[PDB]
Amino acid sequence: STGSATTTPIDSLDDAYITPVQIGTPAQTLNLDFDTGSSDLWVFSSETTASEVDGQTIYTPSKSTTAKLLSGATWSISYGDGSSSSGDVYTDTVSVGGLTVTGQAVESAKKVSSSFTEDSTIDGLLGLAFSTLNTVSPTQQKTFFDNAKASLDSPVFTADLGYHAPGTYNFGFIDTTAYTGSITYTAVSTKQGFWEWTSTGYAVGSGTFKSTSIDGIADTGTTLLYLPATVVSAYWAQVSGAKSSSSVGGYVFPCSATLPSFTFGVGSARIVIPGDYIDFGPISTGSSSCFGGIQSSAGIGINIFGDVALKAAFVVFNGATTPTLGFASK
């Protein structure tokens, strides 16, 4: 089998992407944030505290003839941005882009933190990291990809995120029309449960490429590119007037600037992020200070190849027995 679904930016800055997902019988379609940095499929639901729902579409398990309470199971997750959610668990039929999994754990939120409530466009998350990170207790649950893998034509999914435009998540096949040149594959460590790999270096604009190993994760659920402070300083030093602002929480730059590109290495290959992808706009409405899309990872503990980086490539998440990542230009 295969599946193919369109993913759409939630706003004009590509702050996140939503993909429609059919849950239950008859189908209830919710727009979920596909997140290769976590491993829980959770939804706003009829069980969510009413004051914490503000415009989201909810899953109502009592209206699904295929929903079954997973008795005793609970979940609770906290994300790298400080947001969180928790609740109980049903199994139900879940379909993405024509690909159907029966018996998928659907984690029903009883509580969500303010950032989720405040984003009316995201009805939940669909985790695509390794199932070892799933938070369901006492019986850990598998991701949608893990459950679908055996049925897929090839044990892969691909992320093709758009810049200010829709893109595609495919399951089970590699669309050879969706990229240019060849796909370069690189080794993955699953020891932290992430799609963790080592980039071979970077360049700033037309500058020379610096060969240096940068361990990080391919994370579709993170907006920006988080890299070591040395790398980030070298980038922003090429932008007149750019500075790191403690009050804002990262590098800002004059909105009048033209940003240089940023290149990262995948083996001997190179992915170029155009400068425009690094502009996240005024820090507040009407400000002439703009927020940068490359930020320091120093306060995180891991480097994160988020959407800013991933949207510049066609990315293969290869879930073969030995997983690997593939990157192509497009």
# chains A, B, ... in the order shown; residues from 1 in each chain; ligands from 1

$ select_by_dssp --residues "segment 31-249 of chain A" --states "strand (DSSP E or B)" --output "short mmCIF file (atom, residue, chain, number, x, y, z; two decimals) with C-alpha atoms, in the first residue's frame"
data_model
loop_
_atom_site.label_atom_id
_atom_site.label_comp_id
_atom_site.auth_asym_id
_atom_site.auth_seq_id
_atom_site.Cartn_x
_atom_site.Cartn_y
_atom_site.Cartn_z
CA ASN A 31 -5.84 18.64 10.62
CA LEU A 32 -2.75 17.31 12.40
CA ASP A 33 0.82 18.57 12.69
CA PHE A 34 3.03 15.72 11.43
CA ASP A 35 6.01 15.71 13.77
CA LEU A 41 -0.74 10.78 17.79
CA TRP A 42 -2.94 12.97 19.96
CA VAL A 43 -6.05 14.99 19.20
CA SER A 45 -11.44 15.69 21.51
CA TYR A 59 -12.47 13.91 17.70
CA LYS A 68 -12.48 1.35 21.58
CA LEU A 69 -11.18 2.70 24.88
CA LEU A 70 -7.69 1.37 25.55
CA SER A 71 -8.52 0.56 29.14
CA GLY A 72 -6.16 2.01 31.74
CA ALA A 73 -3.90 3.77 29.27
CA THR A 74 -2.88 7.40 29.81
CA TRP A 75 -0.43 9.72 28.11
CA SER A 76 1.37 12.94 28.97
CA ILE A 77 3.88 14.80 26.84
CA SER A 78 5.98 17.96 27.05
CA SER A 84 2.24 20.05 26.82
CA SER A 85 -0.86 17.87 26.69
CA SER A 86 -2.25 14.74 28.35
CA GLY A 87 -5.25 12.44 28.41
CA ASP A 88 -6.49 8.91 27.76
CA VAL A 89 -6.35 6.59 24.75
CA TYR A 90 -8.64 4.95 22.21
CA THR A 91 -7.80 2.63 19.37
CA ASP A 92 -9.49 3.49 16.08
CA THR A 93 -9.04 3.39 12.33
CA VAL A 94 -6.75 6.15 11.03
CA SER A 95 -6.17 6.98 7.38
CA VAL A 96 -3.64 9.37 5.83
CA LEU A 99 -3.36 4.65 3.62
CA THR A 100 -5.35 3.01 6.42
CA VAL A 101 -4.18 1.62 9.77
CA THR A 102 -6.63 -0.26 11.97
CA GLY A 103 -6.12 -0.32 15.70
CA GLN A 104 -4.06 2.85 15.83
CA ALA A 105 -3.65 4.42 19.25
CA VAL A 106 -5.44 7.78 19.15
CA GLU A 107 -4.50 9.75 22.26
CA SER A 108 -7.43 11.89 23.34
CA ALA A 109 -6.47 15.10 25.10
CA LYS A 110 -8.11 15.93 28.39
CA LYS A 111 -5.75 18.89 28.92
CA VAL A 112 -3.68 21.01 26.54
CA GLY A 124 -3.45 17.60 17.19
CA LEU A 125 -0.12 16.00 16.40
CA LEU A 126 0.84 12.89 14.46
CA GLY A 127 4.25 11.69 15.69
CA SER A 137 1.54 4.17 29.92
CA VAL A 156 9.62 4.73 3.98
CA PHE A 157 7.87 8.04 4.23
CA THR A 158 8.93 11.33 2.62
CA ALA A 159 8.53 14.97 3.60
CA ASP A 160 8.34 17.57 0.84
CA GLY A 167 3.73 20.31 0.06
CA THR A 168 3.35 16.56 0.44
CA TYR A 169 3.85 13.66 2.84
CA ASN A 170 4.09 10.31 1.03
CA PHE A 171 4.07 6.89 2.68
CA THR A 184 22.03 11.30 -0.80
CA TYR A 185 21.52 8.92 2.10
CA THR A 186 23.15 9.35 5.51
CA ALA A 187 23.30 7.22 8.63
CA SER A 189 21.15 6.93 15.20
CA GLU A 196 19.32 11.82 14.34
CA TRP A 197 22.08 12.25 11.76
CA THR A 198 25.37 14.10 11.24
CA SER A 199 25.66 16.91 8.74
CA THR A 200 29.07 17.31 7.15
CA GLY A 201 29.28 21.10 7.43
CA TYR A 202 27.95 24.42 6.28
CA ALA A 203 28.47 27.54 4.21
CA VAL A 204 27.11 31.08 4.58
CA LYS A 210 33.37 24.58 6.33
CA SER A 211 33.78 20.84 6.89
CA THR A 212 32.61 20.03 10.40
CA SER A 213 30.36 17.37 11.88
CA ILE A 214 27.03 18.68 13.19
CA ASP A 215 24.90 16.05 14.92
CA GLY A 216 21.21 16.93 14.87
CA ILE A 217 17.65 15.72 14.28
CA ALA A 218 15.35 15.98 11.29
CA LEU A 225 16.90 25.69 12.25
CA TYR A 226 18.78 25.40 15.55
CA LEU A 227 22.55 25.03 15.24
CA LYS A 243 22.16 40.84 16.79
CA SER A 244 21.10 38.38 19.44
CA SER A 245 18.41 39.89 21.67
#

$ residues_around --residues "residue 174 of chain A" --least-positions-apart "2" --cutoff "12 Å" --atoms "only C-alpha atoms" --output "PyMOL selection string"
chain A and resi 2-4+152-160+168-172+176-179+182-183+314-318+326-328

$ atom_distance --atom1 "atom CA of residue 191 of chain A" --atom2 "atom CA of residue 149 of chain A"
20.0 Å

$ select_by_dssp --residues "segment 4-246 of chain A" --states "helix (DSSP H, G or I)" --output "short mmCIF file (atom, residue, chain, number, x, y, z; two decimals) with N, CA and C atoms, in the first residue's frame"
data_model
loop_
_atom_site.label_atom_id
_atom_site.label_comp_id
_atom_site.auth_asym_id
_atom_site.auth_seq_id
_atom_site.Cartn_x
_atom_site.Cartn_y
_atom_site.Cartn_z
N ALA A 50 -13.21 22.16 28.28
CA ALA A 50 -13.91 23.02 27.33
C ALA A 50 -13.23 24.38 27.19
N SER A 51 -12.74 24.94 28.30
CA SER A 51 -12.05 26.23 28.28
C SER A 51 -10.72 26.19 27.52
N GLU A 52 -10.22 25.01 27.18
CA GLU A 52 -8.95 24.87 26.47
C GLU A 52 -9.14 24.57 24.99
N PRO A 61 -14.93 10.18 20.17
CA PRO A 61 -14.90 8.72 20.00
C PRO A 61 -16.26 8.06 20.10
N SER A 62 -17.20 8.66 20.84
CA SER A 62 -18.52 8.05 21.00
C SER A 62 -19.31 8.04 19.69
N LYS A 63 -18.90 8.84 18.70
CA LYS A 63 -19.53 8.85 17.39
C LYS A 63 -18.84 7.93 16.38
N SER A 114 -1.59 26.28 26.91
CA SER A 114 -2.14 27.47 26.28
C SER A 114 -1.72 27.61 24.82
N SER A 115 -0.49 27.21 24.46
CA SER A 115 -0.07 27.42 23.08
C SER A 115 -0.90 26.58 22.12
N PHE A 116 -1.35 25.40 22.55
CA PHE A 116 -2.22 24.60 21.69
C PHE A 116 -3.59 25.23 21.58
N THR A 117 -4.15 25.67 22.71
CA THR A 117 -5.47 26.30 22.69
C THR A 117 -5.47 27.49 21.75
N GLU A 118 -4.40 28.27 21.78
CA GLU A 118 -4.31 29.52 21.05
C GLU A 118 -4.10 29.33 19.56
N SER A 131 9.03 4.76 17.91
CA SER A 131 7.98 4.47 18.87
C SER A 131 8.50 4.36 20.29
N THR A 132 9.82 4.20 20.46
CA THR A 132 10.42 4.22 21.78
C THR A 132 10.17 5.52 22.55
N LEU A 133 9.80 6.63 21.87
CA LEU A 133 9.46 7.88 22.56
C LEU A 133 7.99 8.02 22.90
N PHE A 144 1.85 5.76 13.82
CA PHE A 144 1.14 5.43 12.60
C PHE A 144 2.07 4.78 11.58
N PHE A 145 3.29 5.32 11.43
CA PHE A 145 4.23 4.76 10.46
C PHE A 145 4.65 3.35 10.86
N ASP A 146 4.94 3.14 12.13
CA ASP A 146 5.33 1.82 12.60
C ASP A 146 4.22 0.81 12.34
N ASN A 147 2.98 1.18 12.62
CA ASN A 147 1.87 0.26 12.36
C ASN A 147 1.67 0.00 10.87
N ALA A 148 1.89 1.01 10.01
CA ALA A 148 1.67 0.83 8.58
C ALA A 148 2.82 0.12 7.86
N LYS A 149 4.01 0.11 8.47
CA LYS A 149 5.25 -0.22 7.77
C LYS A 149 5.15 -1.53 7.00
N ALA A 150 4.67 -2.58 7.66
CA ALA A 150 4.66 -3.91 7.07
C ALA A 150 3.82 -3.95 5.80
N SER A 151 2.75 -3.15 5.75
CA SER A 151 1.86 -3.12 4.60
C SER A 151 2.37 -2.23 3.49
N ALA A 229 26.18 27.64 18.47
CA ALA A 229 26.31 29.09 18.52
C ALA A 229 27.41 29.61 17.60
N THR A 230 28.48 28.84 17.39
CA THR A 230 29.55 29.25 16.48
C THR A 230 29.02 29.42 15.06
N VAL A 231 28.25 28.42 14.60
CA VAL A 231 27.69 28.42 13.25
C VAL A 231 26.72 29.57 13.08
N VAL A 232 25.84 29.76 14.07
CA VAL A 232 24.80 30.78 13.98
C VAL A 232 25.41 32.17 14.00
N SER A 233 26.44 32.37 14.83
CA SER A 233 27.14 33.66 14.84
C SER A 233 27.78 33.94 13.49
N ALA A 234 28.41 32.93 12.87
CA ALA A 234 29.00 33.13 11.55
C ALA A 234 27.96 33.52 10.52
N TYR A 235 26.75 32.96 10.62
CA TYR A 235 25.69 33.33 9.68
C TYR A 235 25.27 34.79 9.88
N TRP A 236 24.90 35.16 11.11
CA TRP A 236 24.31 36.47 11.35
C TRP A 236 25.34 37.59 11.24
#

$ closest_residue --among "A:28, A:263, A:135, A:268" --to "residue 60 of chain A" --atoms "only C-alpha atoms"
A:28
